[PDB]
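Here is the structure we will look at.
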Amino acid sequence: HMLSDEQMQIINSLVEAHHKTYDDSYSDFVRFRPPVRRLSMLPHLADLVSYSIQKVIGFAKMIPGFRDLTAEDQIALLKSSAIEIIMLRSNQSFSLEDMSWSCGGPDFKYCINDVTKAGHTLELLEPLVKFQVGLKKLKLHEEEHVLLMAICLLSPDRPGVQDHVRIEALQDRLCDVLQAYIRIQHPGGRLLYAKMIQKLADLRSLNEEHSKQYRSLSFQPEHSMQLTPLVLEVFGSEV
Amino acid sequence: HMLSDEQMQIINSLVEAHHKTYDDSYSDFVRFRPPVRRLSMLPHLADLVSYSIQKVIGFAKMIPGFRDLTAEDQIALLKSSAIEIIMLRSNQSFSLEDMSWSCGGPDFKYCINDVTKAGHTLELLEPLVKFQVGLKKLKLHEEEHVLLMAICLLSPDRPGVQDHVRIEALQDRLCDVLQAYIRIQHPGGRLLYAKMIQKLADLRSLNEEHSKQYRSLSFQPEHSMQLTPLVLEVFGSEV
Amino acid sequence: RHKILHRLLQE
Amino acid sequence: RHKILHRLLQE
């Protein structure tokens, strides 16, 4: 077999959207509040994350099918998946040598050290860093990566989804494009799809873990005041 | 006549509090989101202002008498007067030569040019800049300045004040300490008190003007998202 | 709610 | 409301 027009189209659509929402130069980082190497790295990281949410939203809008859902479902999907999509897209800048998120320069190289001073314990960072590596290893293709993100985001099983049938349809089409791609255009990728979907499962664990920690943070004004409106809104639990 | 113990005390209390809440080095500015010389100067200035609100709050807590009011009245007083107290304390860094707010370096020198790109029209900036100069000219003493701020903040005529009698008492004591000071320890200051109180009146006009403009801004998400939780909260109209 | 998300999500 | 103001206003 081989990918069809509609399928290649979907890939081009996604990959191009990813490009249009992922600045490989990391030039925008200078605009965030300076990283300070007691939650010293919270302001910068809060800005980095808020920035990421913005890109995630723009990426979504460009997923064929996402645009036609009810704002309620788009929001439902966003709020629920945002954090994971961010952990996913963040791997594209994760290094194995120094085991960190290198983003342009040394002042934007986040080591396990820095990442701590952001208000998050290792109960989160540990599984996250493991996810980052297990994923890095898969040495995916831009299309398998861009697809995995789209799939993840179009998961109907998120608290809030109304039309968990149309959202179910879209994702299945996406799941295929991937499954197919890994088949036709991906040599030595016989056990990949499995591992990839498996990653979506790891993300859920990380999602849950972050939610608890974040909830703990948001209840402390001296900290919540350090966040951004966008972050407070998306990560906040307002039905 | 001459100032009394209780009066000098109040001054020492205020002046020391001002010192403990006004960093003459402006070292904290490097922590704000970088100034970018379409509301380009909003992120930085929003951080500068949020930072200022924090100091204003700490200054307040140190005003003898403020600490014993009901949180509701303290909040009422803060939300209502904050903006003015900020415009007041900001003069302490206003220059006549370059007609700007110089704060440490050239990257923190806010010219009438910059100040525009913060989302505010000249209908505000104009009166503000005029206030800044008319005030600068008074060449006040640290004690007349620190006092004017305390007085301003302890104005009972603010929408929300419950006990507008105790707050009335405190301010009158403050109004005197000043009136007295300008008398005893201030040569050539015969028409000062009058002019000073007159300034409190100009502030009201600026307060009103800013409120309208800010209200306009806060209704635009693409802009409100640029603000800080603290600013949204204090400048926001939630009863 | 979700003032921001809405704006960002609209064309 | 005024989550923050409260915290900041307390000792």
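Please read every residue number as a count from 1 along the shown chain.
So how was this one determined? The header says X-ray crystallography, 2.9 Å.
Every residue, even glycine, has its Cβ placed from backbone N, Cα and C.
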Swiss-Prot calcitriol site partner of B:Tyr22, B:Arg89, B:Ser93, B:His120, B:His210, selected from B:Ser40, B:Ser50, B:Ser52: B:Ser52
Correct range for motif '9aaTAD' (source Swiss-Prot, candidates B:58-66, B:130-138, B:229-237): B:229-237
Cβ neighbours within the same chain of B:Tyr22 (calcitriol binding site) - under 8 Å, at least six residues apart: B:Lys55, B:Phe59, B:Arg89, B:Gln92
B:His120 (calcitriol binding site) CB neighbourhood, other CB atoms within 10 A: 21
Fewest other C-beta atoms within 10 angstroms, as judged across B:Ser52, B:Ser93, which are the binding-site residues: B:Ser93
Helix, strand and coil residues within the region 'Interaction with coactivator LXXLL motif' (B:61-79) as assigned by DSSP: 13 helix, 0 strand, 6 coil
Under 8 Å by Cβ from B:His210 (calcitriol binding site), same chain, sequence gap 6 or more: B:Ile83, B:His120, B:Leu124
